[PDB]
Structures are given as C-alpha cells and as structure tokens.
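Engineer: Sending over coords.tsv (TSV, C-alpha atoms).
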chain	number	residue	atom	x	y	z
R	6	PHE	CA	152.58	95.58	66.10
R	7	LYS	CA	150.38	98.32	67.58
R	8	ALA	CA	147.38	96.06	68.09
R	9	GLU	CA	145.57	98.24	70.63
R	10	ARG	CA	146.03	101.32	68.50
R	11	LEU	CA	144.50	99.00	65.93
R	12	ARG	CA	141.78	98.09	68.40
R	13	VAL	CA	140.81	101.63	69.39
R	14	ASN	CA	141.04	102.46	65.70
R	15	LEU	CA	138.41	99.78	65.08
R	16	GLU	CA	136.34	101.22	67.89
R	17	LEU	CA	136.46	104.65	66.29
R	18	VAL	CA	135.66	102.99	62.98
R	19	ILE	CA	132.55	101.51	64.54
R	20	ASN	CA	131.66	104.80	66.20
R	21	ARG	CA	132.02	106.77	63.00
R	22	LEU	CA	130.22	103.99	61.14
R	23	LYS	CA	127.25	104.52	63.39
R	24	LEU	CA	127.62	108.29	63.20
R	25	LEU	CA	127.94	108.42	59.42
R	26	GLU	CA	125.10	105.94	59.03
R	27	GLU	CA	122.94	108.22	61.15
R	28	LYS	CA	123.99	111.45	59.44
R	29	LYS	CA	123.57	110.02	55.97
R	30	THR	CA	120.17	108.71	57.05
R	31	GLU	CA	119.11	112.19	58.15
R	32	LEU	CA	120.28	114.00	55.05
R	33	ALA	CA	118.92	111.15	52.94
R	34	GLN	CA	115.48	111.80	54.35
R	35	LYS	CA	115.85	115.48	53.55
R	36	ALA	CA	117.15	114.52	50.12
R	37	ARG	CA	114.19	112.23	49.58
R	38	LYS	CA	111.79	115.06	50.22
R	39	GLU	CA	114.05	117.02	47.89
R	40	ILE	CA	113.80	114.29	45.27
R	41	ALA	CA	110.05	114.49	45.68
R	42	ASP	CA	110.49	118.17	44.87
R	43	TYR	CA	112.59	117.58	41.74
R	44	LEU	CA	110.27	114.83	40.52
R	45	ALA	CA	107.27	117.00	41.29
R	46	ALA	CA	109.10	119.92	39.68
R	47	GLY	CA	110.04	119.16	36.13
R	48	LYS	CA	113.33	117.39	35.59
R	49	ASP	CA	112.67	113.89	36.80
R	50	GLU	CA	116.02	113.13	35.20
R	51	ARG	CA	117.58	115.59	37.63
R	52	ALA	CA	115.77	113.66	40.34
R	53	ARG	CA	117.00	110.54	38.55
R	54	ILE	CA	120.61	111.59	39.07
R	55	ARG	CA	119.83	112.58	42.63
R	56	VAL	CA	118.31	109.19	43.36
R	57	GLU	CA	121.23	107.59	41.55
R	58	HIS	CA	123.46	109.26	44.12
R	59	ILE	CA	121.06	108.08	46.80
R	60	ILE	CA	120.92	104.46	45.69
R	61	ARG	CA	124.68	104.62	45.49
R	62	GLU	CA	124.62	105.82	49.10
R	63	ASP	CA	122.31	102.94	49.97
R	64	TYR	CA	124.75	100.47	48.45
R	65	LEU	CA	127.25	102.14	50.77
R	66	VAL	CA	124.85	101.76	53.71
R	67	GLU	CA	124.42	98.05	53.11
R	68	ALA	CA	128.15	97.59	52.59
R	69	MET	CA	128.75	99.56	55.80
R	70	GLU	CA	126.53	97.24	57.79
R	71	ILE	CA	128.12	94.12	56.30
R	72	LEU	CA	131.63	95.29	57.09
R	73	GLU	CA	130.51	96.49	60.51
R	74	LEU	CA	129.56	92.89	61.22
R	75	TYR	CA	132.95	91.86	59.83
R	76	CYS	CA	135.04	94.19	61.96
R	77	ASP	CA	133.05	93.27	65.04
R	78	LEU	CA	133.45	89.52	64.47
R	79	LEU	CA	137.16	90.01	63.86
R	80	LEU	CA	137.23	92.00	67.09
R	81	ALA	CA	135.71	89.01	68.88
R	82	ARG	CA	138.74	86.83	68.07
R	83	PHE	CA	141.31	89.54	68.70
R	84	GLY	CA	143.46	87.72	71.24
R	85	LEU	CA	142.64	84.30	69.82
R	86	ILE	CA	143.98	84.75	66.30
R	87	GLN	CA	146.58	87.08	67.80
R	88	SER	CA	147.84	83.92	69.46
R	89	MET	CA	147.88	82.46	65.96
R	90	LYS	CA	150.22	83.84	63.31
R	91	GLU	CA	148.27	83.14	60.10
R	92	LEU	CA	144.65	83.93	59.32
R	93	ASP	CA	142.12	81.16	59.84
R	94	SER	CA	139.39	80.09	57.45
R	95	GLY	CA	136.73	81.19	59.94
R	96	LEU	CA	137.89	84.76	59.29
R	97	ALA	CA	139.21	84.28	55.76
R	98	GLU	CA	136.01	85.58	54.17
R	99	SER	CA	135.85	88.64	56.41
R	100	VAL	CA	139.56	89.32	55.99
R	101	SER	CA	139.45	88.88	52.22
R	102	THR	CA	136.42	91.14	51.85
R	103	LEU	CA	137.97	93.70	54.18
R	104	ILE	CA	141.34	93.64	52.45
R	105	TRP	CA	139.57	93.98	49.12
R	106	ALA	CA	137.27	96.83	50.15
R	107	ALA	CA	139.87	98.60	52.30
R	108	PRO	CA	141.36	100.45	49.30
R	109	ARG	CA	137.82	101.44	48.42
R	110	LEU	CA	137.48	102.41	52.09
R	111	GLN	CA	140.93	103.96	52.45
R	112	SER	CA	139.43	107.38	51.77
R	113	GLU	CA	136.30	106.97	53.85
R	114	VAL	CA	138.26	106.48	57.06
R	115	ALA	CA	141.81	107.15	58.23
R	116	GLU	CA	141.81	104.58	61.04
R	117	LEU	CA	141.37	101.84	58.45
R	118	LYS	CA	144.69	102.86	56.95
R	119	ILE	CA	146.33	101.60	60.09
R	120	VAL	CA	143.87	98.74	60.29
R	121	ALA	CA	144.97	97.48	56.89
R	122	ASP	CA	148.64	98.06	57.69
R	123	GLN	CA	148.33	96.09	60.90
R	124	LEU	CA	146.41	93.42	59.02
R	125	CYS	CA	149.26	93.08	56.56
R	126	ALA	CA	151.62	93.49	59.50
R	127	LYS	CA	149.75	90.61	61.12
R	128	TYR	CA	150.33	88.13	58.28
R	129	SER	CA	152.57	87.15	55.42
R	130	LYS	CA	151.07	83.76	54.58
R	131	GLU	CA	148.64	84.71	51.82
R	132	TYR	CA	149.61	88.25	52.84
R	133	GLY	CA	151.88	90.96	51.49
R	134	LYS	CA	151.95	92.63	48.09
R	135	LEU	CA	150.51	89.85	45.91
R	136	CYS	CA	150.10	87.14	48.55
R	137	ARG	CA	147.57	89.46	50.16
R	138	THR	CA	146.24	89.97	46.63
R	139	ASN	CA	146.07	86.19	46.35
R	140	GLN	CA	144.20	85.66	49.62
R	141	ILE	CA	141.83	88.60	49.02
R	142	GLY	CA	140.00	86.59	46.35
R	143	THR	CA	137.56	85.37	49.04
R	144	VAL	CA	135.80	88.76	49.18
R	145	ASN	CA	132.04	88.82	49.79
R	146	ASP	CA	130.36	88.82	46.40
R	147	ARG	CA	127.21	90.21	47.98
R	148	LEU	CA	129.15	93.15	49.34
R	149	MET	CA	130.82	93.25	45.96
R	150	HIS	CA	127.39	93.87	44.52
R	151	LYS	CA	126.81	96.39	47.31
R	152	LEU	CA	130.22	97.78	46.37
R	153	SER	CA	129.74	97.51	42.61
R	154	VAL	CA	129.56	100.90	40.89
R	155	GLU	CA	126.96	100.55	38.14
R	156	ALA	CA	123.69	101.95	36.94
R	157	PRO	CA	120.84	99.84	38.35
R	158	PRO	CA	118.52	98.31	35.76
R	159	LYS	CA	116.29	101.10	34.56
R	160	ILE	CA	113.31	98.93	35.34
R	161	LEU	CA	114.63	99.07	38.90
R	162	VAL	CA	115.53	102.73	38.87
R	163	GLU	CA	112.05	103.19	37.49
R	164	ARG	CA	110.77	101.02	40.33
R	165	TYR	CA	112.67	103.14	42.82
R	166	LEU	CA	111.10	106.17	41.21
R	167	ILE	CA	107.74	104.40	41.20
R	168	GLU	CA	107.93	103.45	44.87
R	169	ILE	CA	109.17	106.95	45.63
R	170	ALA	CA	106.25	108.42	43.69
R	171	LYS	CA	104.16	105.97	45.70
R	172	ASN	CA	105.64	106.94	49.06
R	173	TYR	CA	106.03	110.62	48.15
R	174	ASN	CA	102.89	110.89	46.02
R	175	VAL	CA	104.22	112.41	42.80
R	176	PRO	CA	103.21	111.29	39.28
R	177	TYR	CA	105.94	109.15	37.71
R	178	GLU	CA	105.66	107.52	34.29
R	179	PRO	CA	108.50	105.05	33.56
R	180	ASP	CA	109.85	104.71	30.06
R	181	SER	CA	107.65	101.83	28.88
R	182	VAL	CA	110.57	100.26	27.01
R	183	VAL	CA	112.36	100.23	30.38
R	184	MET	CA	109.14	99.86	32.40
R	185	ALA	CA	108.73	96.60	30.49
R	186	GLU	CA	112.45	95.75	30.70
W	6	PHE	CA	111.11	99.41	67.33
W	7	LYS	CA	109.16	102.02	69.30
W	8	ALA	CA	106.00	99.94	69.52
W	9	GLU	CA	104.40	101.78	72.44
W	10	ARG	CA	105.06	105.13	70.84
W	11	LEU	CA	103.32	103.39	67.97
W	12	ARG	CA	100.57	102.28	70.33
W	13	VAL	CA	99.90	105.67	71.92
W	14	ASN	CA	100.13	107.09	68.42
W	15	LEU	CA	97.30	104.75	67.44
W	16	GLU	CA	95.39	105.85	70.51
W	17	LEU	CA	95.75	109.48	69.50
W	18	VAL	CA	94.76	108.47	65.98
W	19	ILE	CA	91.58	106.98	67.37
W	20	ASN	CA	90.97	110.00	69.57
W	21	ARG	CA	91.43	112.45	66.74
W	22	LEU	CA	89.39	110.15	64.50
W	23	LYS	CA	86.50	110.52	66.89
W	24	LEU	CA	87.16	114.23	67.32
W	25	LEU	CA	87.44	114.97	63.61
W	26	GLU	CA	84.40	112.81	62.89
W	27	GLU	CA	82.46	114.86	65.42
W	28	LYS	CA	83.73	118.24	64.25
W	29	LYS	CA	83.14	117.44	60.59
W	30	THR	CA	79.67	116.23	61.55
W	31	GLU	CA	78.91	119.54	63.25
W	32	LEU	CA	80.16	121.76	60.45
W	33	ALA	CA	78.55	119.40	57.94
W	34	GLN	CA	75.18	120.07	59.54
W	35	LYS	CA	75.83	123.79	59.35
W	36	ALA	CA	77.00	123.33	55.77
W	37	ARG	CA	73.86	121.38	54.95
W	38	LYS	CA	71.70	124.23	56.12
W	39	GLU	CA	74.06	126.38	54.08
W	40	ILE	CA	73.55	124.16	51.05
W	41	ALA	CA	69.83	124.56	51.60
W	42	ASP	CA	70.55	128.28	51.40
W	43	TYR	CA	72.54	128.08	48.16
W	44	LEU	CA	70.00	125.75	46.56
W	45	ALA	CA	67.19	127.97	47.78
W	46	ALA	CA	69.22	130.98	46.62
W	47	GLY	CA	70.03	130.76	42.96
W	48	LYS	CA	73.16	128.87	42.04
W	49	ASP	CA	72.25	125.27	42.67
W	50	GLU	CA	75.51	124.55	40.87
W	51	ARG	CA	77.29	126.44	43.63
W	52	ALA	CA	75.38	124.22	46.03
W	53	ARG	CA	76.34	121.37	43.72
W	54	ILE	CA	80.03	122.04	44.29
W	55	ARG	CA	79.38	122.48	47.99
W	56	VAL	CA	77.63	119.14	48.19
W	57	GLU	CA	80.38	117.65	46.05
W	58	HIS	CA	82.77	118.69	48.79
W	59	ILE	CA	80.34	117.26	51.31
W	60	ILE	CA	79.90	113.90	49.63
W	61	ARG	CA	83.66	113.82	49.34
W	62	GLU	CA	83.75	114.39	53.10
W	63	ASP	CA	81.24	111.58	53.54
W	64	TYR	CA	83.45	109.23	51.57
W	65	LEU	CA	86.11	110.30	54.06
W	66	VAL	CA	83.74	109.61	56.96
W	67	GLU	CA	83.01	106.09	55.76
W	68	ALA	CA	86.69	105.45	55.07
W	69	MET	CA	87.49	106.81	58.55
W	70	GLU	CA	85.13	104.36	60.19
W	71	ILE	CA	86.45	101.42	58.15
W	72	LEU	CA	90.05	102.18	59.03
W	73	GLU	CA	89.09	102.86	62.63
W	74	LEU	CA	87.87	99.28	62.75
W	75	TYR	CA	91.15	98.25	61.11
W	76	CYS	CA	93.45	100.03	63.53
W	77	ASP	CA	91.45	98.76	66.48
W	78	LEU	CA	91.55	95.14	65.29
W	79	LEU	CA	95.27	95.44	64.66
W	80	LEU	CA	95.54	96.86	68.16
W	81	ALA	CA	93.83	93.73	69.48
W	82	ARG	CA	96.66	91.50	68.22
W	83	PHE	CA	99.45	93.87	69.22
W	84	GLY	CA	101.49	91.49	71.35
W	85	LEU	CA	100.38	88.43	69.42
W	86	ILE	CA	101.70	89.36	65.98
W	87	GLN	CA	104.50	91.21	67.77
W	88	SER	CA	105.54	87.73	68.84
W	89	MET	CA	105.41	86.88	65.15
W	90	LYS	CA	107.80	88.51	62.70
W	91	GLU	CA	105.74	88.50	59.47
W	92	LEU	CA	102.19	89.68	58.95
W	93	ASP	CA	99.46	87.06	59.07
W	94	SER	CA	96.61	86.61	56.62
W	95	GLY	CA	94.09	87.46	59.33
W	96	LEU	CA	95.51	91.00	59.26
W	97	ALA	CA	96.73	91.02	55.66
W	98	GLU	CA	93.61	92.80	54.40
W	99	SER	CA	93.74	95.45	57.12
W	100	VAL	CA	97.47	95.92	56.71
W	101	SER	CA	97.26	96.12	52.93
W	102	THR	CA	94.42	98.62	53.03
W	103	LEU	CA	96.20	100.64	55.70
W	104	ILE	CA	99.52	100.62	53.89
W	105	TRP	CA	97.74	101.64	50.71
W	106	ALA	CA	95.67	104.44	52.27
W	107	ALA	CA	98.44	105.63	54.61
W	108	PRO	CA	100.02	107.84	51.91
W	109	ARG	CA	96.56	109.23	51.31
W	110	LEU	CA	96.35	109.58	55.11
W	111	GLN	CA	99.92	110.79	55.61
W	112	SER	CA	98.68	114.39	55.56
W	113	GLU	CA	95.56	113.86	57.63
W	114	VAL	CA	97.53	112.70	60.65
W	115	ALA	CA	101.14	112.90	61.82
W	116	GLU	CA	100.99	109.90	64.15
W	117	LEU	CA	100.30	107.67	61.16
W	118	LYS	CA	103.66	108.69	59.75
W	119	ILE	CA	105.25	106.80	62.59
W	120	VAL	CA	102.58	104.13	62.38
W	121	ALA	CA	103.52	103.38	58.79
W	122	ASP	CA	107.24	103.55	59.56
W	123	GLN	CA	106.83	101.09	62.41
W	124	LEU	CA	104.67	98.93	60.18
W	125	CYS	CA	107.44	98.79	57.61
W	126	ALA	CA	109.88	98.53	60.50
W	127	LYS	CA	107.82	95.57	61.68
W	128	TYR	CA	108.15	93.56	58.46
W	129	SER	CA	110.27	92.92	55.40
W	130	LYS	CA	108.49	89.83	54.06
W	131	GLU	CA	106.10	91.41	51.57
W	132	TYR	CA	107.36	94.65	53.13
W	133	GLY	CA	109.81	97.37	52.19
W	134	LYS	CA	109.95	99.58	49.10
W	135	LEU	CA	108.26	97.32	46.54
W	136	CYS	CA	107.68	94.24	48.71
W	137	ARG	CA	105.38	96.44	50.75
W	138	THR	CA	104.03	97.63	47.40
W	139	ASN	CA	103.56	93.97	46.49
W	140	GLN	CA	101.71	93.04	49.69
W	141	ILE	CA	99.57	96.21	49.65
W	142	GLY	CA	97.54	94.81	46.74
W	143	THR	CA	95.06	93.35	49.26
W	144	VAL	CA	93.57	96.78	50.02
W	145	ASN	CA	89.84	97.02	50.74
W	146	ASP	CA	88.11	97.71	47.45
W	147	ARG	CA	85.10	99.05	49.33
W	148	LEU	CA	87.28	101.56	51.10
W	149	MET	CA	88.90	102.10	47.73
W	150	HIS	CA	85.50	103.21	46.52
W	151	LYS	CA	85.17	105.26	49.71
W	152	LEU	CA	88.66	106.54	48.91
W	153	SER	CA	88.10	106.93	45.18
W	154	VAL	CA	88.15	110.57	44.04
W	155	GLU	CA	85.49	110.87	41.36
W	156	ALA	CA	82.32	112.70	40.50
W	157	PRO	CA	79.33	110.60	41.63
W	158	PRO	CA	76.86	109.70	38.89
W	159	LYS	CA	74.84	112.81	38.23
W	160	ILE	CA	71.71	110.76	38.73
W	161	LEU	CA	73.09	110.20	42.23
W	162	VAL	CA	74.28	113.74	42.77
W	163	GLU	CA	70.81	114.68	41.60
W	164	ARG	CA	69.42	112.17	44.07
W	165	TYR	CA	71.52	113.69	46.82
W	166	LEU	CA	70.17	117.06	45.79
W	167	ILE	CA	66.68	115.57	45.58
W	168	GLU	CA	66.85	114.00	49.03
W	169	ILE	CA	68.38	117.22	50.33
W	170	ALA	CA	65.55	119.21	48.75
W	171	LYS	CA	63.31	116.62	50.38
W	172	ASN	CA	64.91	116.90	53.81
W	173	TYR	CA	65.57	120.64	53.51
W	174	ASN	CA	62.43	121.49	51.55
W	175	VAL	CA	63.82	123.43	48.59
W	176	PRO	CA	62.66	122.99	44.96
W	177	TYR	CA	65.19	120.95	42.98
W	178	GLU	CA	64.73	119.94	39.35
W	179	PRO	CA	67.35	117.43	38.14
W	180	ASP	CA	68.62	117.59	34.59
W	181	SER	CA	66.19	115.11	33.01
W	182	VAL	CA	68.94	113.67	30.83
W	183	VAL	CA	70.77	112.94	34.08
W	184	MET	CA	67.57	112.48	36.12
W	185	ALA	CA	66.88	109.62	33.70
W	186	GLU	CA	70.52	108.48	33.65
Would you mind writing the structure in this file as structure tokens?
Structural biologist:
Amino acid sequence: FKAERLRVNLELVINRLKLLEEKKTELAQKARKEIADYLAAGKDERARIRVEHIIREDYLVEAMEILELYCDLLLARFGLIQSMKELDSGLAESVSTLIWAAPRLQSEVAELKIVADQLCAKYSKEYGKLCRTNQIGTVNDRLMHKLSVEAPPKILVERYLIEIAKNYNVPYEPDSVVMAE
Amino acid sequence: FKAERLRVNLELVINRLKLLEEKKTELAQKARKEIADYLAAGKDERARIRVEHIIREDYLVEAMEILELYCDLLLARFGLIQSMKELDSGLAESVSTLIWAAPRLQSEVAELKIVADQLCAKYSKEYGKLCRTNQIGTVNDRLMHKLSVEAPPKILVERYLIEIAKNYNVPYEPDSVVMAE
C-alpha cells in the first residue's frame, strides 16, 4: 500500500496537531478571559457552558498529546513492522487506541482517513470489519476518559470555576450540595 | 521553559519594586503634608479616608518588602531547584505566599504574569489548577495581614491620626468611644 503517502500524512497529522494545539491554546486563553467576563457578568451558568466546552477541549488536548505520542512511536517502527505482516504487542495498545479513536478522529483530520485505511490495509489478523473491531479492545482507557463525553462531577466543575475565580479573581459560590459532593 | 526571561523579569520586578517604593514614598510624603492640610482644614474624615488610602499603601509597602525578600531568595536557588523538578520545603513558604499573592499582584506588574506562569510551568507536584491551590496554603500569614484589605481598628486609625497630629502638629480629638476602644 501507499505507505509513504501514509507517512507524509502522519507528518501532516503531527504538524496540524501542533498547529491546532497552539491555535486552540490561543483562543482558549482569550476564551478564559471571556469566561472571566461571563462569570463576572451575571450568568455564571453561561460561563458554565462555556467552560464545559473548554474542559471538553482540554480533554481533546490531552487526548491529542497521547495520540501524538502514539503516532510518533508507530512512526519509529515504520520499516520494522512493515517487514512484519501482523501487528505486534508492543504496538497493540497504540494501534487499538488509534483504531478505536480514529472514527472519533475521522472528522478532525482527513489524513487519518488514509491512515486508518492503510492500517486496515496493513493487517487482517485481528484486522478488518470485526477482526479490527476485535483487536481494537486494547484501547487506552485513560485516553478513553480523555475521550469520554460526559459532564464532569459538579464538584469538579465547581472546582474548575473556583480555580478560575481564583486565577481570574471573580466571586464564585458553588452550589453547596455540589460543593460538598 | 523560558527561565532567563523569567530571571530578567524578576530583575525588572526588583527594579520596579525599588522604583515604585521610592515614588510612593515621595508622593506619600507630599500626601502626608496634604493630610496635615485636610486635618488642619475641616474634614478630618476626608483626611481619614486619605490616610486610609495611605495606610493601605503602607500595607502594600510592607508586603512589597516581604515579597522582595522572597523573590530574591528564590533567585538565590535558581539553578539549584532548577536541577530539582519539584519545589522544596525551604522555598515552600515563599512559593506559597508568592503564588497566593500573585493574583493580587497580577495587576501591579506584568513580568509577574510570566513569573507565575513559569512557576506553574516549573511544577505539577502540588502545582497546577488546584494542586497549586493546594500547595499555596503555606502563604505568609504576616503578609496576609499586610495584604488583608480591612479598616484598621479605629483606636489605631485614631492613633495614626494622633501620631500624625503629633508629627504634623494639628489638633486631633479621637472619638472617645473609639479612643477608648
């Protein structure tokens, strides 16, 4: 298969990973001053949704870094496992997590479309329609938490609002039922 | 991280600390003659608000000197703790007080923005959003008093007015309920 198209794809993935990380950092700083505005100005719940979007983004940041490590370590053993024909256990975790998150990351990046195709084009043993679904069970559970879509515990969203109000110097009063939870 | 940008930042912090200390001293002398005017001229309560601003400033002066000692002692062990990766107990008090007062001092100085970022960039153990909030509990309580925003006891504001009237030779009569308090 097109393994150097795959490789330069990965390189662009890494480049855009860095770029998107940086851009989202920038706008996240602006948005944190903005959240200081919303919290300072009335609807802390509006700021609560804003910071929900932000903590979502931060889950994405952490997941981005984890998978950046994964694509880079897979890139290390390009020719080596390319000599092989099945995936090894040393890369089974990375491959499983990547295969699992790839559909979640299909939209975020178009290179990864080809990266996943070439992955599945690379293997059939524990690879394919369901065989890939069988081998993908070794996905990183930590990334899974960093890729879980949920409301954080309102004690923790309150703590994010508290540490924001700390860092950004607004008055925040958590809901004591949740501030105790 | 940018630890020499941090270092020259600290140097500018110290320079402006000295400069602002000197400037506020100068204008405070002028303002003390001015307070002698207001006390001499009618509204001692107007002078009372003026000297409230001044004693506030003096709390800032004392806090400035304390933290000047703190930044300089941290500067002593720049490379040493830089070799380390977590903060030591020998600097835990200074770091906690600095981290705690930094948001209060965010506005006073723009270098300290970076100084706090690099601080948090220096550590994660008892550092971060709430971990830094956890480790900051070792702040100087004396500085905390020198950084507490409160009305002094009116026996003491009366004593400041009395010792001003002493030094500046105006007639001051404290409110005997407070002059006894």
Engineer: Rounded to one decimal place, report the atom CA of residue R:106-atom CA of residue R:32 distance in Å.
Structural biologist: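 Atom CA of residue R:32 lies at a distance of 24.6 Å from atom CA of residue R:106.
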Engineer: Wanna dump the chain R-chain W contacts at 8 Å for me, each residue with its shortest atom pair and the distance in Å to one decimal, counting only C-alpha atoms, ordered by chain and number, as a tab-separated table?
Structural biologist:
residue	atom	partner	partner_atom	distance
R:164	CA	W:135	CA	7.7
R:165	CA	W:134	CA	7.7
R:168	CA	W:134	CA	6.1
R:171	CA	W:108	CA	7.7
R:172	CA	W:108	CA	6.4
R:173	CA	W:108	CA	7.6
R:174	CA	W:108	CA	7.2
Engineer: For atom CA of residue W:119 and atom CA of residue W:61, determine how far apart the two atoms are, in Å to one decimal place.
Structural biologist: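 Interatomic distance here is 26.3 Å.
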Engineer: Considering only C-alpha atoms, return as a list in words whatever protein or nucleic-acid residues lie within 9 Å of stretch 146-151 of chain W, sequence-local ones (same chain, fewer than 5 positions apart) excluded.
Structural biologist: residues 61, 63, 64, 65, 66, 67, 68, 71, 72, 102 and 106 of chain W
Engineer: Could you work out how far atom CA of residue R:75 lies from atom CA of residue R:21, giving the answer in Å with one decimal?
Structural biologist: 15.3 Å
Engineer: Which protein, DNA or RNA residues have an atom at most 12 Å from (80.8, 115.1, 48.5), counting only C-alpha atoms? List them as an NGL selection string.
Structural biologist: :W and (33 or 36-37 or 40 or 52-67 or 151-158 or 161-162 or 165-166)
Engineer: Give me the residues near residue R:130 as a PyMOL selection string, where near means some atom within 12 Å (using all atoms listed in the file) and where sequence neighbours in that chain fewer than 4 positions away do not count.
Structural biologist: chain R and resi 89-93+97+124-126+134-141
Engineer: Is it possible to get the axis-aligned box enclosing stretch 181-185 of chain W (all listed atoms, 6 Å extra per side) as JSON, with centre and edge lengths in Å rounded to one decimal?
Structural biologist:
{"center_x": 68.5, "center_y": 112.4, "center_z": 33.5, "size_x": 16.6, "size_y": 17.5, "size_z": 17.3}
Engineer: W:34, W:143, W:14, W:88: which is nearest residue W:127, counting only C-alpha atoms?
Structural biologist: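 Comparing W:34, W:143, W:14, W:88 against residue W:127, the winner is W:88.
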Engineer: Hey, which of W:50, W:131, W:113, W:9 ends up closest to residue W:180? Count only C-alpha atoms.
Structural biologist: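 Nearest candidate to residue W:180 out of W:50, W:131, W:113, W:9: W:50.
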Engineer: Taking (96.8, 113.8, 64.0) as a centre in this file's frame and 10 Å as the limit, can you find every polymer residue with an atom that close, using all atoms listed in the file, and give them as a ChimeraX atom specification?
Structural biologist: /W:14-15,17-22,25,110-118
Engineer: Measuring between only C-alpha atoms, which one of W:85, W:177, W:79, W:103 shows the shortest distance to residue W:46?
Structural biologist: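 Of all the options, W:177 lies closest to residue W:46.
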Engineer: My list of candidates is R:35, R:23, R:12, R:51. Which is closest to residue R:82 when distances are computed with all atoms listed in the file?
Structural biologist: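 With all atoms listed in the file as the atom set, the closest residue is R:12.
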Engineer: Counting only C-alpha atoms, which residue out of W:86, W:184, W:76, W:144 sits closest to residue W:16?
Structural biologist: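 Ranking W:86, W:184, W:76, W:144 by distance to residue W:16, first place goes to W:76.
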Engineer: My list of candidates is R:175, R:186, R:159, R:8. Which is closest to residue R:84 when distances are computed with all atoms listed in the file?
Structural biologist: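 Comparing R:175, R:186, R:159, R:8 against residue R:84, the winner is R:8.
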